[PDB]
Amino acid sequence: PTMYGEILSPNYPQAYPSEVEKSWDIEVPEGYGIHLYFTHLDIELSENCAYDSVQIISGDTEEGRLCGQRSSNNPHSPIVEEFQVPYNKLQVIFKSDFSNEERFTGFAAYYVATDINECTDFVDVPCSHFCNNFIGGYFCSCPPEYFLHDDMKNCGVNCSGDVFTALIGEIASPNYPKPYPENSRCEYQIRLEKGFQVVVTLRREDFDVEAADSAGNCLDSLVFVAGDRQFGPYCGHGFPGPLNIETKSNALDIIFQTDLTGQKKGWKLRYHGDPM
C-alpha cells in the first residue's frame, strides 16, 4: 500500500527487449482513488496495438491500451496520457513482440493516491445532516442536542430512558406543543404492579403527527406495545384510533418514530391504572 509510485519500461530510458511480458500491481489504501499519468511514450506503433503495448486494467475492465510515439501538447506539462480511476487498485501490463525495427525507448509512468470526496462525488450524501470529508475517509456530524446513531450515519434526539411507575401520569412528545424533532426514535416505558392494567386516554385534538403517504403508510408513527398485542401505528391530523385503550397489561411500551422531514405539533396522552 503506497501513496505514490513509479512505473518504468524494461531498460528505460534505453530500448526495451523483445518478447517480454512485465506486470505491475498498484495499490493505494482504502478511501483513495488513483491518478495514473504517462510522461514518456515511445513504443512500436501497430493497428490496435497488437505487437507492442502497455495496458491499464482497473477492476477487470480495460482503461486503455497504449502504443506509438507521442510528445506533450503543453510545454507546461510532460503528461501524454492520464487515467483517473475511482478504485484503490490497478494493474499495468507491458508486452513486446518478436522484433523492433527501430529504437523504441518504451514508457515512463507515475501514480498518486487521490482522496475520495464521499460528500460530493456520489449521487447520495451518506449523512442525515452534515457530511464532513477528510483525506482518506469522512465522518458525519449532528446539530446541538442531536446524537449520532450506531450506524454512524443518522443523527437523532435523545428522548428514551424515562420509565414511568406512577399509577397516574401524563406523557407528551418532545417539545410539545412545539414541533417534534426529526429523524428520531422515542421510547417510553410504563411499568405498574401486577394487579393493575395500563389504560391510555387522550383527546382527539391532542394528536397532530405528519399524515400517511399515498399508500397509507405512516412516515412518522406512534405505536403502543403491550407484549404481543399492538396498538397502531398512528399518524395524521387528529388521533385516528380509540380515545380510550385498555391494554390488558401492567407493562406498556410507547414508541414514537419520525423520519428526516415533515414535523408537526406532536401528541400528548394520559395513562392510569385499572384493576385486573
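Note that residue numbering begins at 1 and tracks the sequence as displayed.
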{"item": "Mean Cα B-factor comparison, 67-75 or 99-107, giving the higher one as deposited", "value": "67-75"}
{"item": "Entry-level comparison of average CA B-factors, 81-89 and 185-193, reporting the higher stretch", "value": "81-89"}
{"item": "Residue selected from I34, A215, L243, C235 by maximal Cα B factor", "value": "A215"}
{"item": "Top Cα B factor in the deposited entry, candidates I57, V209, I26, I43", "value": "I57"}
{"item": "Where the record places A166 (Cα B-factor, split into thirds across the chain)", "value": "middle"}
{"item": "Third of the chain's Cα B-factor distribution that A251 belongs to, per the entry", "value": "highest"}
{"item": "Third of the chain, ranked by Cα B-factor, where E145 sits", "value": "lowest"}
{"item": "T261 CA temperature factor, ranked by third within the chain", "value": "highest"}
{"item": "CA B-factor placement of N117, once the chain's modelled residues are sorted into thirds", "value": "highest"}
